[PDB]
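Just below is one structure, and these are the notes that go with it.
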Amino acid sequence: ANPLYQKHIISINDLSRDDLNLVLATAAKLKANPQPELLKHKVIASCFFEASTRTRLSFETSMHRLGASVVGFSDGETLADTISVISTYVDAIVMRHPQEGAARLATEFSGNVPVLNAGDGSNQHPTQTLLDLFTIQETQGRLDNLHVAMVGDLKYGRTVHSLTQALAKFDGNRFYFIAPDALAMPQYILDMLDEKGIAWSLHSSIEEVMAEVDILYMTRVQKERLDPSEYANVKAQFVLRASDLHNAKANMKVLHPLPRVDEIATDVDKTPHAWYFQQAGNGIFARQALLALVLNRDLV
Amino acid sequence: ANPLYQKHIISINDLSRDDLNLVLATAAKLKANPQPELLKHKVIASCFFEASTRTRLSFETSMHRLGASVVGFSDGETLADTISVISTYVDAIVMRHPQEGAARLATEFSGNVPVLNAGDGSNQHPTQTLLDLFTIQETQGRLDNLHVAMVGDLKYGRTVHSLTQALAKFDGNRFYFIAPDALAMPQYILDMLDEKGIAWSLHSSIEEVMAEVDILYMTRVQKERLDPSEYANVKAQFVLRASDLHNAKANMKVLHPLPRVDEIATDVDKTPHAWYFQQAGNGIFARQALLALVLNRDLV
Amino acid sequence: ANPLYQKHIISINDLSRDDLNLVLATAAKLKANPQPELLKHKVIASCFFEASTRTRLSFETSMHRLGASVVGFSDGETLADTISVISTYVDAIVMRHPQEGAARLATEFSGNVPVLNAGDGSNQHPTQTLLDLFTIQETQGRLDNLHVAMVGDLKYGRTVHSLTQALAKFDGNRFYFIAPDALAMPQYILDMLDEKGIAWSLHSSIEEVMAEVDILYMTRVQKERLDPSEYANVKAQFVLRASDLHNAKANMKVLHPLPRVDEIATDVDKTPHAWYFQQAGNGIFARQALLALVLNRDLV
Amino acid sequence: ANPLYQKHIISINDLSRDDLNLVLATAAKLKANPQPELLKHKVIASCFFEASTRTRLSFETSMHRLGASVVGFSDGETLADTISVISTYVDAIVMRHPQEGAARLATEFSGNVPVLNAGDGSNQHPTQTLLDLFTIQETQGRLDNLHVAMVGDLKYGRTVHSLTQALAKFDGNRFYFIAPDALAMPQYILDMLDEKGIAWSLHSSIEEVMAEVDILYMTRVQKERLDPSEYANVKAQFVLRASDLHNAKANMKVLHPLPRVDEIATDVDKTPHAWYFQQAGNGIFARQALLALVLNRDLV
Amino acid sequence: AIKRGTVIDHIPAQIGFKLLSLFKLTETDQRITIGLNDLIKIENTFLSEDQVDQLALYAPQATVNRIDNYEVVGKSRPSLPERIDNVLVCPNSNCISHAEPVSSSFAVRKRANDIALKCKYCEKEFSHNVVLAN
Amino acid sequence: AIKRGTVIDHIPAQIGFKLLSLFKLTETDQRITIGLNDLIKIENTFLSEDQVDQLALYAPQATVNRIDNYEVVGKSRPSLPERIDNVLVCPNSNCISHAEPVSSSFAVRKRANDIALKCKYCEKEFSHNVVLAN
């Protein structure tokens, strides 16, 4: 049985470097040669206690691309009892929940049934990091010795926190953090990079570092996080247009977990650097790889 | 063709004793040897006019475990017209509805398409009784000469009304009713038991009869049904803790149709008597058996 | 200063017999000779944390009929803090709240500002009892040696609980309770009547006692309280039509706290016995009397 | 006519020092000798486009305490047209609105009818600052040469921004700012204090400066503004308990614009330092003074 | 054992720790000696018989000696009080007392097999078996 | 004083009662002697040094003697454990641990002026000053 057979996938912090490469290798193999019957006769629960249409469609398409059946819901009884019941029905549970730690709690009541965390509040969203890693590896050919810029709401973007920690398991990466002072990268992340001797630097605009960047990871800057007028005075620092890419490396890719509002102008879409829609399409293979490794003994 | 082929399943009162044993035998056979392709190329409508996520996930998992396709909805046009249209689409209709008699009405407009009642208001919920019967038969080895205690809201619990009437089709059963005076077992049920010479008795607490009980069937006591303060003064009579089971028979099982709030404390969950989650898992096989018998000519 | 000057009016159980007669005498005097400037320069808060348009219009009309100004609202911060703030604004607080005891709690934070309970959950509603008493006294000439029938939901009708306890402070009254077994008069009320040697009896229909009745107090039988079908089989016992009044005493009055659905048919409205709308009009004078006694030193 | 007769009251930044003292002197005079008929025959519109029960009850009580009539609403057509219509009805408009600048816009369509800003989005709320100033002057005897500490969400508390700017119009005041780094006093306020040579300093906890403080102004720290866990790790820096006041000056007052959640523990309420409820009661006189000066030619 | 103070003896099993928690007796600063399996010794603190009566619902058969100058200057015992404040919780979930900065308060009424406890706020009456269960 | 069992000595003031409540030590049936202003004596019960380590966050400078046959057969002291379960409450109000039948659990990490406590469920880290405050 493969190292991830019947394992719960709760947090990126639980995934070793070998685990990461195993998922990424399986994702590449399933992309090259689909296996539409690998999970025939499996029934998977798609439990979206917190609705997320974009996440659910991606996960459920992944299940169907492997031949599994899907039951589920979007949106009293304790979560423990709900899992105690559903884990008697299905072969795996994919769940998104508004409370942090909900997926971890589910593992303590699901018995032999594996739990895949599709997002638990502001905690973890492992398959988003895995599809980001898979997209970086696919476009750059590696996950080491890269120049990665990350732009926007770094303070509350749990997506960049997870991607930073995952990329920190590979060598020679250099990071550029471009955020307003009120939404800066948290100190615990900077401490982690210092403990490992990983180079990082702060920059107030993307043009300072555009020439060296391999990956430009743009994030949602929700207007909630600041004043409506506080937004407008800083927002130019963190919005991307096509003219900003005049000196970009030929291999650079713009990434964005989506949805975008206006942090990426639509004239970026037609440049060869735009890769956020290809990134979204890669979620199918990263989530396929997770379901395949967890529910099938032998490797793909 | 088996006796239930292409039959509507509307009310437990319509099910003969042979019908009950047929469903239970099929459920045991499908549990021992699954048939994941028995209903391939069938399309079943999951019509939840009244939403019930816990009921729907169980029913839809049953459909998928037999290989059927599922279309459906949760939550103007008459119900007759809706069935007149949907019955041109699908091979069977599983429906839950807020109005009593809705499933019976559907049979008069569905043509050759069978209707399975997943709950019609405060009337019938046949598959809940069938999974209860199947769980009792599985844990006790029989459905006759049992001591069955039923606790809580017996007046409005249509689930215990149906289980009592079903168990009354088997011999030598003895019943214990433990309910507050305001939520007592209705007289029409007691009359039915008297006409058949079936022994029953009232008890104000579970400890009176704990030593003789084979099945302890706990029910929801919704706070709606009484005052919030009327609740608190009687609720101790009808809540179960692990210490209450000190003199229980080795074979006794605690059942509960779920969800529980606090009628069953969580320290009961780890005792060998707790069987409400296993009971819920048995709904898959009872509902599989119904779909198999109704949609497949030959017995399993 | 009158005995009720600057007193809180929270519960009928707090009102002595002298208190009751004081309120009723003041109500009669204000009805005979209005004092539209008695409370000029007073500002009263109409605090309906739980909305009740019918109660609020009556209370606010009472305030205006005495010349007071009104500020208020219908429908986080603790109730204690809200009262701590509002009691710095106004000269009196009239409040309705969904939680039992909310008016009592307000008195502990209102300082010198009196609190008038317009209804606190299922606990107290003193001005409804006071207008009922005032209407009985006005139509019968007294509150002693009366035959009072009370019909409908006696179990959950806090309005009849309060009226019974208030009438039990006067001598020689005889009560008739007509309710379904599931909604009978609670035992604590019957115990109270036994301790005082007050005569009462149960009757399954109004026609048994119609000939002796001085006051027929009809109540709301909400369909919530029973099944929709449980309702229909008992509801005839507790609905009043004009033909039911063929042998009624000339002085009998039909009372109802309102709203009625169909417990009183509209053909009763035109008989001389119908007095529920006159009863509602008497709420103006009972609530005027309370505000006058609480906010004005000298008697009317 | 007094200097504020028929003037709009939109922003504290529009109020000169003489204006501030005029309002405060009038508020003291109306408190000492009420004039319940000063505004008889005036009709004032209470326009709460954005609902605020606590603000509205205070404003409307002020109107009634002066004898004015009140029409209004809480919660398509342009705001300009609404004011164009309402200003033909009434003698003054008191308005609260979710958009910044709404009160200023109203003045350009209200003709001769004065507009009083009860809050326009995150911009201005002048009567809150005026009641704060009035409370400080009443308890300290002056508005100059005071030690004022301000605690909590200083970044988004427009209430402390306004109070700081108003107090900066008086001499010799010294400020202490106690806020988490993510919610610090904005730089434009600190610049303003530097231009005027006003002394200020930052402190991470209240105990550093407790001994010197004349006014302790506590603010709402809404959980929205940070993470739910970011809150918990900093919240102790900015919560007040009674034991924190052991070395406070005898004359110090704790202020809070309200509502409080738990930034001020209830054991502070009984100390002589607690003055937030008295502060709220002072809003009646500050708002009376504004209406009196705007609608009555001669001074009180 | 102790110099001047108060002593509580013959507390039923599994009740001495309850008395310490429910009445905050260890929130002093002078000596306290406790023995379980229960008895409790405190030095230098008043105990009105109001407060000794508050032990009746939990340790009905028990005694309290006021000790001064190493001498037994009294031996009072608890009997049912009229009111019980602070320590009980109203079982009515809709009672206002639950979310608010007020002290719980119940009227006490002896019955055949029961104590009747009537809440000051919601005015509902409950068995003491119900109130002490949650 | 005691025959066979365990003893906990040199507990800071206002911590002995906390240890009794938080670790449910009076939920036994054999003898317990307690002195405040604190020290605690129990007879005939195991105490793994896992459990003695759980006293480190509250009574860091203290000792525990395993006593058998009236003899001191050991003298262990607490040092910081890796995990602390059951007794702490997660300060994250959105943590799943609050409404659910699970035991609280925190990872322990010593810092300069601090203990860092990381919740097993929400994976948020807090100062021990924050966790013990509510």
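In this document, chain identifiers A, B, C, D, E and F correspond to the written order of the chains, with residue numbering beginning at 1 in each.
Here is the rule we use: a contact is a pair of C-beta atoms (placed from the backbone, for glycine too) under 8 Å apart; a residue touches a chain by one contact, two chains touch by 3 or more.
Molecules present, by chain and UniProt name: A, B, C, D = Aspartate carbamoyltransferase catalytic subunit; E, F = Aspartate carbamoyltransferase regulatory chain.
Note on interfaces B-E and A-D: more C-beta pairs are in contact across B-E. Repeated interface, listed pairs B-C, A-D or A-B, reference C-D: A-B, with more than half of the contact pairs matching by residue number. For the pair subunit D and subunit E, the distance between mean C-alpha positions equals 47 Å. Centroids of subunit A and subunit C (each the mean of its C-alpha atoms) stand 63 Å apart. Put simply, the C-alpha centre of subunit C and that of subunit F have 57 angstrom between them. Taking each chain's centre as the mean of its C-alpha atoms, subunit C lies 39 Å from subunit E.
Each of residues 92, 94, 101, 122, 124 in subunit E touches at least two other chains.
Across the assembly, subunit D contributes residues 228-229 that each touch 2 or more other chains. The touching residues of subunit D, when paired with subunit C in their complex, are 36, 53-54, 56-58, 60-61, 64-65, 258-260, 269, 277-278, 280-281, 284. Residues 92, 94-97, 99-102, 119-125 of subunit E touch subunit C in their complex. Remark: subunit A residues 41, 43, 45, 69, 71-73, 76-77, 81, 84-86, 88-90 touch subunit B in the complex. Of all the residues in subunit E, the ones that touch subunit B in their complex are 91-94, 122, 124, 126-127, 129-130, 133.
Against subunit A, in their complex, subunit D makes its touches with residues 122, 156, 182, 224, 227-229.
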